[PDB]
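A.B. asks: There's a structure below that I have some questions on.
Number of protein chains: 4
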Amino acid sequence: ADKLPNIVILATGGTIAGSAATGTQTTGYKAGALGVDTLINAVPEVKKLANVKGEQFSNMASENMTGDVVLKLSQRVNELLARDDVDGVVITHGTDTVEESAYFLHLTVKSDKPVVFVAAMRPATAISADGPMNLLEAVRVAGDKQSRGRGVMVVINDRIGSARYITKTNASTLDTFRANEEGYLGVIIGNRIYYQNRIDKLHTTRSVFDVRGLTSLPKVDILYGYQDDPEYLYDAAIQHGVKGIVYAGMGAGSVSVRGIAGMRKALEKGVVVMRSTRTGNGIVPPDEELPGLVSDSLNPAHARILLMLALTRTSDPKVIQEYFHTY
Amino acid sequence: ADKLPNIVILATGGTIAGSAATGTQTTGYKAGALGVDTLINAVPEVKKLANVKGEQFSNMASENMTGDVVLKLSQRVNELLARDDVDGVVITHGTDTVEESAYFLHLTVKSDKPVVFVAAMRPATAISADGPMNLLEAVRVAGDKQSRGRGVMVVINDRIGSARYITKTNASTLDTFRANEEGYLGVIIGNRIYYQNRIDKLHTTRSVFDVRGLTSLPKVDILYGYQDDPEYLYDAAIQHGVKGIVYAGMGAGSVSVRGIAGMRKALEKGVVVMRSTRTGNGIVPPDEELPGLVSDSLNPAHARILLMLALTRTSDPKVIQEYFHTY
Amino acid sequence: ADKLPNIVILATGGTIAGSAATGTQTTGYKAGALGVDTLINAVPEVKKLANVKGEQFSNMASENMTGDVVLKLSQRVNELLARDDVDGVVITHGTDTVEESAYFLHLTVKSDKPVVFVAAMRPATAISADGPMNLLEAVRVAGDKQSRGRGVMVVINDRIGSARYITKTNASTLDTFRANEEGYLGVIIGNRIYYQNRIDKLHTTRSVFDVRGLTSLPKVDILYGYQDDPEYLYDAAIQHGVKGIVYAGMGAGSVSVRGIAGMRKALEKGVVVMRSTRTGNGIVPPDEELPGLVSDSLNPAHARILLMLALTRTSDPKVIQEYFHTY
Amino acid sequence: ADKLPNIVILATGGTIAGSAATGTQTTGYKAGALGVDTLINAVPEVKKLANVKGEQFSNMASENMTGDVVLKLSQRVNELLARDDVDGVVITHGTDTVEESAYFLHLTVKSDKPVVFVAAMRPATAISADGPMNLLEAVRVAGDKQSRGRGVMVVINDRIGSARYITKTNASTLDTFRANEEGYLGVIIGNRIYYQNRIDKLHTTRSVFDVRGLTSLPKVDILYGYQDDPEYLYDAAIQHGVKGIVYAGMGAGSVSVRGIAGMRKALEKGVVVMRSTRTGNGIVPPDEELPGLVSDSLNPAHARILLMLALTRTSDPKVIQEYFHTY
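Below you can see the structure in the form of structure tokens.
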């Protein structure tokens with residue numbers, strides 16, 4: 001029959017559910033202070049777009065989001081997407097680490113039904129808050145049949161970005177989420193969805209990563225690259241038992257003599273080293289003369305997520321590298 | 001003017017002086033392989049723009065550029081610019097940490113005479129190498145009377161950027177140097193300079209940072225911010241006598257519970273904590289509820305440079321914070 | 001008491017004063033539907049930033065804004081700013097042609113006091129409308145002492161842009177106003193203004209353009225450049241008495257054999273030809289082999305404004321060309 | 001044979017074949033001054049990538065490229081791709097109108113073999129000429145198996161862009177070709193191709209536009225939108241037999257009272273009016289209150305191309321509108 005699609009709104013917190021003393025206060029707010037019900041009733045317009053059910057998964061600032069919690073989130077979403085009574089899901093999340101949580105599910109959700117992450121740069125109590133409209137757009141995207149099989153998406157500021165390329169580029173602006181080199185999957189203007197691209201990477205239903213029946217993930221830390229970068233930080237990470245290290249290198253994953261010494265100690269202890277870049281965009285090309293693997297176009301935050309997942313399936317450097325060139 | 005300006009080209013290495021086997025080889029090249037006079041000979045046209053004098057300062061990949069060497073570089077430039085027969089200086093440098101070295105001199109050179117950093121993204125032996133034209137443009141800028149009193153500049157890909165805003169945004173493209181929110185100071189088109197902006201920040205002749213006689217600088221490290229970031233990294237830093245820590249935080253310098261724990265410790269040990277952002281662009285706003293100071297619009301790399309210089313003359317947070325809003 | 005500045009809000013119309021049936025409507029609304037006092041009572045917080053006075057100059061969609069009206073707007077603003085009891089002016093305007101009106105005042109307002117144009121991409125009745133925050137920020141900018149002598153500004157989406165460089169780059173998004181190559185003058189984050197640049201161009205008090213006493217402006221049209229562009233469009237413009245033709249050319253003001261024949265007819269008939277570009281950004285360089293003058297980095301819309309004003313003072317091509325390189 | 005792919009390089013002219021008096025001459029050169037054999041011999045490295053055959057289709061500046069010539073270019077490419085011995089085609093073209101010629105073929109080439117347009121912003125005789133590397137990259141893309149079925153591509157400055165989205169955004173820089181909202185299809189770094197997106201639009205083999213046997217195309221002109229735009233330009237176009245009019249309007253295709261009057265006249269004369277935008281990016285949404293059709297995300301230059309082709313199929317408004325949402 002012809003009816004509204006069933007959409008589940010899984011809330012986890014963030015500024016979209018945050019609040020402040022006044023409406024002119026755009027900073028210094030308490031993220032995750034509003035229930036999913038509060039948000040839904042704020043935009044009753046969504047009712048006209050679909051049959052929505054709110055579910056409070058958690059209510060925290062995204063900076064406190066952890067791998068174990070994200071792992072649980074992926075499992076719950078897989079549970080929901082399995083039901084014939086669920087057409088898609090919308091996940092309210094904080095903007096700070098949404099690219100990390102979104103990319104994790106992008107790789108582990110075994111369904112082509114739309115999984116849409118939504119966020120807000122201004123608190124719900126702010127003048128001209130962006131949450132209401134973003135939420136409304138997220139629902140329209142999750143309920144549209146065109147949205148299936150496109151991988152996990154992030155909806156905000158009228159844009160639809162792929163979890164694989166989208167990233168928070170600005171610390172405090174509404175238009176912070178961009179994919180400089182890759183663009184948006186589509187845009188929402190005048191309540192109409194305009195799809196532009198389909199990412200040419202593996203994801204969701206065609207991903208080899210399955211975290212169902214998984215308690216925890218391999219430990220992976222991120223080290224920065226800069227003039228005078230200390231060798232002792234590598235020592236600290238190795239000692240606390242990291243399984244992998246993502247290096248946010250200078251330029252195209254360039255390493256100083258101190259970083260090179262630190263990386264070899266790591267390779268010696270069976271620790272996998274992934275060279276990425278601190279620049280923000282671009283491809284870190286292969287270089288047989290430098291230690292470790294290369295992150296392709298994945299930024300540090302994204303690389304870590306994929307490295308953690310890769311280690312749950314293999315230790316083979318050659319296999320992990322290809323993962324980074326295809327996911 | 002009838003008189004050709006006197007320009008000193010100070011070479012330090014980089015890909016602009018990089019060499020590879022084939023012309024099609026753009027990666028895995030040997031940085032700092034060619035001498036300064038060899039670059040000048042490769043572009044004889046520069047001799048028509050000014051009376052150039054090449055001086056080899058060093059010849060290494062910029063990833064290995066260290067604070068003590070940058071310190072000496074700044075003292076050498078101050079030295080030359082004091083001479084009445086030197087109108088401008090052009091410094092060939094690697095692209096990887098040029099934004100760090102450039103910003104340092106931007107704060108320590110006590111002259112209004114042009115100081116121009118030039119670099120290249122493709123080795124000198126590559127097909128369509130960008131170095132030749134970048135060098136020619138840099139000399140033109142350094143020899144132009146209009147270029148005085150604009151602060152330290154970085155010339156590349158026909159663009160003129162301020163050392164305070166410019167950054168390498170892409171790991172491998174020729175158009176990698178950009179200032180998304182601040183734009184360029186000017187552009188060079190058709191052998192003509194078009195100046196567009198003047199930065200509204202303190203620098204050079206108006207800076208309080210005097211580095212005469214110094215041989216070393218305060219130790220400052222950078223820690224990344226992400227999901228599951230470890231507290232032990234802060235312990236390690238503190239244990240190795242750092243004077244300040246620059247945090248490349250999630251979003252607007254947001255800190256996780258673990259990060260906050262580590263920061264409290266650092267603060268107790270008298271370590272200065274500067275909260276910046278990993279996003280790439282934007283303002284990290286003040287927040288009395290969170291620990292440490294804020295980096296204004298300075299990214300991690302630039303933040304570290306200003307913090308090191310600030311610590312050479314003060315440890316009072318109120319004063320350091322002010323520096324970050326004015327420099 | 002020693003406090004609040006005096007700001008006059010001149011309303012001309014625009015979507016910022018536009019209204020639709022429901023909040024779900026962001027298109028198909030009516031610009032210039034709400035009164036100025038209605039906009040003020042809508043954002044009472046503005047009254048805690050300054051002593052505001054509202055004035056209804058007009059109420060129309062900006063696509064209908066005309067030279068004669070912009071001329072009067074300029075004259076009215078000059079009278080207003082001459083008073084000792086007026087510290088600055090905020091002008092609400094539609095987004096479609098605000099860059100034209102804003103640049104006109106940029107060249108004709110003879111005062112250092114702040115002139116801030118503000119607009120909105122969404123109608124006042126829309127969910128997550130941007131008008132309120134935009135207006136609040138415009139008033140804060142106009143009332144700040146640091147804002148004097150920076151030229152006419154356009155405030156929207158937390159950004160402050162110069163009328164000389166800013167332009168609407170996207171047809172429907174909130175972050176449409178950008179200056180790709182020149183950046184923003186500053187940004188407003190967390191109720192604080194962060195100035196970054198000062199434009200290196202003549203404007204306001206250093207401008208030679210005086211429109212006081214003027215009642216009409218020279219006719220100037222814009223013709224597009226593209227494959228198979230018709231010569232007859234030039235004949236039509238000439239026949240209708242245009243004094244100047246702004247050419248939104250292909251690439252760097254390149255002309256086809258048909259456009260060249262057209263420009264030559266124009267020149268032979270006393271019409272001043274200005275070659276700009278349809279690309280959207282950059283420098284159209286001088287070319288001794290092509291007819292007409294070049295627009296520097298002025299886009300077609302801005303170039304038309306300057307050419308119109310230039311013609312009220314001279315018809316000397318040498319002088320007009322110099323205007324384009326300095327304003 | 002040789003196991004190397006067979007690539008035909010079809011030369012049409014352009015700066016990539018441009019020649020200037022001096023090496024410092026990046027402007028004021030002669031587009032289409034060299035032959036196809038000279039280009040191939042200039043960069044013999046291409047012969048290591050594939051067995052190349054050169055063909056001088058023409059040699060002109062792209063500003064002079066006309067529809068009748070593009071028509072023949074399309075027909076010629078179709079017969080070349082029909083052969084067993086042709087794996088891909090590389091077309092050298094001036095940058096000024098490459099987006100127009102490229103989009104035309106994008107819609108009319110009935111093959112899935114790669115069709116790659118390549119150009120250069122600096123003349124062949126310029127210091128750091130970009131042409132050599134651009135060509136080398138174009139040949140690599142055209143010969144790669146991953147490249148088929150991606151639609152027509154434009155390769156330049158290490159980027160691979162789709163003919164439907166790419167556009168010349170800057171008048172004189174090397175990094176001028178961008179697709180702000182849609183990103184690039186892929187990038188070439190270290191002699192390796194990294195594909196990012198597949199466009200979600202109809203093209204090539206799935207296009208209903210066939211130009212076999214056609215010698216002429218319907219006439220379509222472009223009119224600009226700005227304050228005080230004249231109605232007489234519409235009358236002029238109508239009087240000269242245009243079948244279509246593309247309007248590069250203000251904002252989201254906004255029209256002034258004069259533009260509307262002119263548009264209504266054209267419609268009553270059977271002229272198809274297509275409202276696009278002068279802004280440079282974005283969606284022109286549908287609007288019942290305004291006359292004519294909307295261009296979706298196509299800019300004026302692209303819109304003209306699709307409208308001409310649509311008119312070779314039908315004049316029905318609803319069908320043409322659908323073409324604009326799917327191509």
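Chains as they are written, first to last, in PDB author numbering: chain A, 1 to 327; chain C, 1 to 327; chain B, 1 to 327; chain D, 1 to 327.
A virtual CB, placed ideally from N, CA and C, is assigned to each residue, including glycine.
Looking at the secondary structure, which residues open and close the alpha helix (DSSP H) in which B/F324 lies?
C.D. replies: Working through the third sequence from its first residue, we reach residue 324 of chain B at position 324. From DSSP, the alpha helix (DSSP H) with B/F324 extends over 317-326.
A.B. asks: Assess contact between the segment 197-213 of chain D and the segment 156-171 of chain D, defined as three or more Cβ pairs (one per stretch) separated by less than 8 Å. Is contact present?
C.D. replies: Because the criterion of three Cβ pairs below 8 Å is met, the segment 197-213 of chain D and the segment 156-171 of chain D touch.
A.B. asks: For A/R278, does the three-state DSSP call read helix, strand or coil?
C.D. replies: In the first sequence, residue 278 of chain A corresponds to position 278, counting from 1. If DSSP states are grouped into helix, strand and coil, A/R278 belongs with coil.
A.B. asks: Rounded to the nearest angstrom, how far is the Cβ of C/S256 from that of A/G282, given a contact under 8 Å?
C.D. replies: Here residue 256 of chain C refers to the residue found at position 256 when the second sequence is read from its first residue. Here residue 282 of chain A refers to the residue found at position 282 when the first sequence is read from its first residue. Not confirmed; about 27 Å, so no contact.
A.B. asks: Flag this pair as touching only if the segment 25-42 of chain B and the segment 65-77 of chain B have three or more C-beta atom pairs under 8 Å; answer yes or no.
C.D. replies: no
A.B. asks: Going along chain B in order, which residues have a C-beta closer than 9 Å to the C-beta of A/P132?
C.D. replies: The count along the first sequence starts at 1 and reaches residue 132 of chain A at position 132. Here the neighbours are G23, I127, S128.
A.B. asks: For A/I193 and B/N78, what's the separation of their Cα atoms in angstroms?
C.D. replies: Walking along the first sequence from the start, residue 193 of chain A turns up at place 193. Walking along the third sequence from the start, residue 78 of chain B turns up at place 78. Their Cα atoms are separated by approximately 46 Å.
A.B. asks: Would you kindly check if the distance between the Cβ of A/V211 and the Cβ of A/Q25 is under 9 Å?
C.D. replies: Looking up residue 25 of chain A in the first sequence gives position 25. Looking up residue 211 of chain A in the first sequence gives position 211. Contact: no.
A.B. asks: From this set, A/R264, A/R313, A/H325, which residue's C-alpha is nearest A/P286's C-alpha?
C.D. replies: Reading the first sequence from its first residue, position 286 is the one you call residue 286 of chain A. If we check each option's Cα against that of A/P286, A/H325 comes out closest.
A.B. asks: In chain order, what residues of the same chain lie with their CB nearer than 8 Å to the CB of C/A82, ignoring the 5 residues before and after it?
C.D. replies: Along the second sequence, read from residue 1 onward, the residue named residue 82 of chain C stands at position 82. If we look at C/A82 and ignore the five residues flanking it on each side, its Cβ neighbours are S111.
A.B. asks: Give me the Cβ distance between D/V115 and D/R159, rounded to the nearest whole Å; I'm assuming they're in contact under 8 Å.
C.D. replies: Position 115 of the fourth sequence holds residue 115 of chain D. Position 159 of the fourth sequence holds residue 159 of chain D. Actually they are not in contact, since the Cβ atoms of D/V115 and D/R159 sit about 17 Å apart, beyond 8 Å.
A.B. asks: At the 9 Å Cβ level, is B/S147 part of the contact set with chain A, yes or no?
C.D. replies: Counting from 1 along the third sequence, the entry for residue 147 of chain B is found at position 147. The beta-carbon of B/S147 is placed no less than 9 Å from the nearest beta-carbon of chain A.
A.B. asks: Could you tell me whether the Cβ of D/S172 comes closer than 9 Å to any Cβ of chain C?
C.D. replies: Taking the first residue of the fourth sequence as position 1, residue 172 of chain D is located at position 172. Cβ-Cβ to chain C under 9 Å: yes for D/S172.
A.B. asks: Residues of chain C with CB closer than 9 Å to the CB of A/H302, please, in chain order.
C.D. replies: Indexing the first sequence from 1 puts residue 302 of chain A at position 302. Per Cβ cutoff of 9 Å: no residues; A/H302 is ~10 Å from chain C at best.
A.B. asks: Let me know if C/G259 comes out buried or exposed under the rule of 16 or more other beta-carbons within 10 Å of its beta-carbon.
C.D. replies: Numbered from 1 along the second sequence, position 259 holds the residue referred to as residue 259 of chain C. Burial call: buried.
A.B. asks: Can you give the Cα-Cα distance for B/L4 and B/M153, rounded to whole angstroms?
C.D. replies: One-based indexing of the third sequence puts residue 4 of chain B at position 4. One-based indexing of the third sequence puts residue 153 of chain B at position 153. Each residue's alpha carbon lies about 21 Å from the other.
A.B. asks: Spatial neighbours of D/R264 within its chain, please: CB distance less than 7 Å, with the 5 preceding and 5 following residues excluded, ordered by chain position.
C.D. replies: Reading the fourth sequence from its first residue, position 264 is the one you call residue 264 of chain D. Only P291 meet the Cβ criterion.
A.B. asks: At 7 Å on the CB atoms, spell out the chain C contacts of B/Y103, in chain order.
C.D. replies: On the third sequence, residue 103 of chain B is found 103 positions in, with the first residue counted as 1. The premise fails here: B/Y103 is roughly 15 Å from chain C at the closest Cβ pair, so nothing lies under 7 Å.
A.B. asks: Check for me: the alpha helix (DSSP H) holding B/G143 runs from which residue to which?
C.D. replies: Taking the third sequence and counting its residues from 1, one reaches residue 143 of chain B at position 143. Judged by DSSP secondary structure, B/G143 falls within the alpha helix (DSSP H) whose first and last residues are 131-143.
A.B. asks: What did DSSP end up calling A/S111 once you bin it into helix, strand or coil?
C.D. replies: What you label residue 111 of chain A is simply residue 111 of the first sequence in a count that begins at 1. In this structure, A/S111 counts as coil in the three-state DSSP scheme.
A.B. asks: Taking the straight line between their C-alpha atoms, what separation do you get for C/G244 and C/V220?
C.D. replies: The residue you call residue 244 of chain C lines up with position 244 of the second sequence. The residue you call residue 220 of chain C lines up with position 220 of the second sequence. For C/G244 and C/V220, the distance between alpha carbons rounds to 5 Å.
A.B. asks: Among C/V271, C/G28, C/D84, C/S254, which one has its Cα closest to the Cα of C/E289?
C.D. replies: For this step, residue 289 of chain C is matched to residue 289 along the second sequence. C/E289 has its Cα closest to that of C/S254, out of C/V271, C/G28, C/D84, C/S254.
A.B. asks: With respect to the beta strand (DSSP E) encompassing A/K53, which residues constitute its N-terminal and C-terminal limits?
C.D. replies: Locating residue 53 of chain A in the first sequence gives position 53, where the first residue counts as 1. Here the beta strand (DSSP E) through A/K53 covers 51-60.
A.B. asks: Counting only Cβ pairs nearer than 7 Å, list the residues of chain A close to C/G67.
C.D. replies: Looking up residue 67 of chain C in the second sequence gives position 67. Neighbours of C/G67 on chain A, chain order: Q227, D228.
A.B. asks: What first and last residue would you give for the alpha helix (DSSP H) that runs through D/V77?
C.D. replies: Taking the first residue of the fourth sequence as 1, we reach residue 77 of chain D at position 77. Looking at the DSSP string, the run of the alpha helix (DSSP H) that includes D/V77 is 67-81.
A.B. asks: Quick check: what's the CA-CA separation for A/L185 versus C/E231?
C.D. replies: If you number the first sequence from 1, residue 185 of chain A lands on position 185. If you number the second sequence from 1, residue 231 of chain C lands on position 231. Their backbone Cα atoms lie some 37 Å apart in a straight line.
A.B. asks: Please decide whether B/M250 counts as near chain D, where near means a Cβ-Cβ distance under 9 Å.
C.D. replies: For the purposes of this step, residue 250 of chain B is identified with residue 250 of the third sequence, where counting begins at 1. Yes, because at least one Cβ of chain D sits closer than 9 Å to the Cβ of B/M250.
A.B. asks: In terms of residues, what are the limits of the alpha helix (DSSP H) holding B/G262?
C.D. replies: Counted from its first residue, the third sequence places residue 262 of chain B at position 262. Run containing B/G262: 257-268, per the alpha helix (DSSP H) assignment.
A.B. asks: Quick check: D/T215 and D/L71, are their CB atoms within less than 9 Å of each other?
C.D. replies: Taking the first residue of the fourth sequence as position 1, residue 215 of chain D is located at position 215. Taking the first residue of the fourth sequence as position 1, residue 71 of chain D is located at position 71. Yes, Cβ-Cβ distance for D/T215 and D/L71 is below 9 Å.
A.B. asks: Using beta carbons (cut-off 9 Å, strictly below), is B/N51 in contact with chain D?
C.D. replies: The residue given as residue 51 of chain B occupies position 51 in the third sequence. So, not an interface residue.
A.B. asks: Spell out whether any CB of chain D is found under 9 Å from the CB atom of B/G244.
C.D. replies: Walking along the third sequence from the start, residue 244 of chain B turns up at place 244. Contact of B/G244 with chain D is not assigned, every C-beta pair being separated by 9 Å or more.
A.B. asks: Excluding the 5 residues preceding and the 5 following C/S276 in the sequence, name in chain order all residues of the same chain whose CB lies nearer than 7 Å to its CB.
C.D. replies: As a working note, residue 276 of chain C is residue 276 in the second sequence. Closer than 7 Å at the Cβ level, and outside the excluded window around C/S276, lie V246, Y247, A248, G249, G253, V284, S295, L298, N299, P300, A303.
A.B. asks: If you reduce the DSSP assignment to three classes, tell me which class A/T167 lands in.
C.D. replies: Counted from its first residue, the first sequence places residue 167 of chain A at position 167. Here A/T167 sits in strand by DSSP.
A.B. asks: Taking only three categories from DSSP, how would you classify D/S101?
C.D. replies: Sequence index remark: in the fourth sequence, residue 101 of chain D carries index 101 (1-based). Helix at D/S101.
A.B. asks: What are the boundary residues of the beta strand (DSSP E) that residue 329 of chain B is part of?
C.D. replies: A query on residue 329 of chain B cannot be resolved here, the shown segment of chain B reaching from 1 to 327 and no further.
A.B. asks: Check distances from the C-beta atoms of the segment 281-295 of chain C to those of chain B and list, in chain order, the residues that come in under 8 Å.
C.D. replies: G282, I283, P285, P286
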